[PDB]
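One structure is given here, and the rest of the page talks about it.
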Amino acid sequence: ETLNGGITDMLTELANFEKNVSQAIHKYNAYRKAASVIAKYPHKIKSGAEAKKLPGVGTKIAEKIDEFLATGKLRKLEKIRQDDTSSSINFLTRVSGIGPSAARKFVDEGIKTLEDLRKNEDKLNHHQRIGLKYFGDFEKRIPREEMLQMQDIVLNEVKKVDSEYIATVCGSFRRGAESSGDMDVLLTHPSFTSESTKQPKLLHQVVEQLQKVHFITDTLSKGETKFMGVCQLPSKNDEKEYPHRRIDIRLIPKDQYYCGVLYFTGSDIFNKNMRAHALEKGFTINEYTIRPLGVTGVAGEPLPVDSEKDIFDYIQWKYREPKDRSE
DNA sequence: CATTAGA
DNA sequence: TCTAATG
Ligand SMILES: [K+]
Ligand SMILES: [K+]
């Protein structure tokens, strides 16, 4: 957590690189397990050699460890850090809709900047054009104070369209968080569960509402169960307009709501932790259900859930307010 | 880890 | 169809 920290940081820097700038999925996967294992190790690694006794720790890596232990640096790391191409990749990647593959290609063509990207909108797809368009706004945090005004509008049209819907704004927002990155709305309907052959409209209806009123301004991607867009709080009585925000709305079989909701509410650790416990408590949890364990090794059969509580009950735990679902 | 765009 | 990008 801190005794092996530099090594873990150097290492991830190393990996992240192979992965993006190069297409070394392997080296990349290598750096990570190592970074991973060196991270658990209970003592201060004093040399490659010592490191080396580890699993995943090759001669290539141990070598890196000495140079880093020896001198507080690493050339390779220094060289990469300097590398204009590699840097360019790292950058274009911040555009929404540009992932490594497009970054490389773009650089290849000589588009290494925001401005480059502009001159060439034509070389970009709708998602990328949008991500381009709101490069700033998308990088900006979402103050809870706004999170509350957005949730508010959302639940209102939801309800307007059909009173039968149930929406929940998940994430750190739901767990308290002073600010968030984007909003995550989990949606559901009774008239939609596991079997009941969809109702694509179910999703459409609402997206259409939100738009109708200018809450939704763009569409990054609209499917029949997952809509990914951009929204904006009505810019008041002037002098202050609001930054464009990313929003994701997703349909869900009413019979799977609470688990999904449970889950997406995190935290990553609270989850993992609760989950680890359901195992002891003779269960299995995951994004959609909760199944009882059968001694033979495994088992099936989804227990029925009507609330975040059912799940709790089941593993015989203390209901934890989202607020304190931190870990 | 599953859903969407796209070519 | 595959492959990329998001979350
Ligand atoms: K080893
Ligand atoms: K990106």
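Could you pull out the residue among A:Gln209, A:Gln199 that is touching a strand residue (DSSP E or B) at 6+ places or on another chain (Cβ under 6 Å), of a type outside the set (A, V, I, L, M, F, W, C) and away from DNA strand C (no atom under 16 Å from the Cβ)?
Unique residue meeting the criteria: A:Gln199.
If you take just the strands (runs of 3 or more DSSP E) that sit entirely in region A:214-307, which of them hold at least 1 residues that are more than 21 Å from A:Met150 (Cα to Cα) and outside the structural domain of A:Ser96 (by CATH)?
Working: elements: A:216-222, A:226-231, A:245-250, A:283-286, A:289-292.
The qualifying strands (runs of 3 or more DSSP E) are A:283-286, A:289-292.
What are the residue pairs meeting all of these: first residue in region A:26-52, first residue of a type in the set (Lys, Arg), second residue part of a helix (DSSP H, G or I) and buried (at least 17 other Cβ atoms within 10 Å of the Cβ), Cβ atoms under 6 Å, and 6 or more apart or on different chains?
Listed by first residue and then by second, the contacts come to A:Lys27/A:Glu18; A:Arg32/A:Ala15; A:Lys52/A:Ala62.
Just one of A:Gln205, A:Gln151 is assigned to a helix (DSSP H, G or I), within 28 Å of A:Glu327 (Cβ to Cβ) and not assigned by CATH to the domain that holds A:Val305; which is it?
From the options A:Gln205, A:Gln151, the qualifying one is A:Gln151.
Given the conditions (1) free of Cβ contacts under 8 Å to residues at least 24 places away in the same chain; (2) closer than 30 Å to A:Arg129 by Cβ; (3) in contact with a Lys or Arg (Cβ under 8 Å, 6 or more places away or on another chain), and given that A:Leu303 satisfies all but one, which numbered condition is not satisfied?
The failed condition is (2).
Here is a check on your reading of the model: is A:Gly131 assigned by CATH to the domain that holds A:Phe91, crowded, with 20+ Cβ neighbours inside 10 Å and small (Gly, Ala, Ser)?
Spelling it out, A:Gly131 is indeed assigned by CATH to the domain that holds A:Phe91, crowded, with 20+ Cβ neighbours inside 10 Å and small (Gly, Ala, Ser).
If only one of A:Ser96, A:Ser22, A:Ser47 is touching an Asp or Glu at 6+ places or on another chain (Cβ under 7 Å) and of a type in the set (S, T, N, Q), which one is it?
A:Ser47
Taking region A:197-243, which residues are basic (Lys, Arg) and farther than 23 Å from A:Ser96 by Cβ?
A:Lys198, A:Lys201, A:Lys212, A:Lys236, A:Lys240, listed by residue number.
If the requirement is being at negative phi and within 16 Å of ligand 1 (Cβ to nearest atom), which of these qualifies: A:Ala39, A:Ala103, A:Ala24?
A:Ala39
Table: residues versus (1) closer than 30 Å to A:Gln128 by Cβ; (2) within 16 Å of DNA strand C (Cβ to nearest atom); (3) of a type in the set (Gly, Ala, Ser).
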site	(1), (2), (3)
A:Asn4	no, no, no
A:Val21	yes, yes, no
A:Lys27	yes, no, no
A:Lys52	no, no, no
A:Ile80	yes, no, no
A:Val95	yes, yes, no
A:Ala102	yes, yes, yes
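Reconstructed Cβ throughout: ideal geometry from the backbone, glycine too, with neighbour counts over all protein chains shown. Basis: the model, the stated rules and, where named, an outside source; nothing here is a laboratory result.
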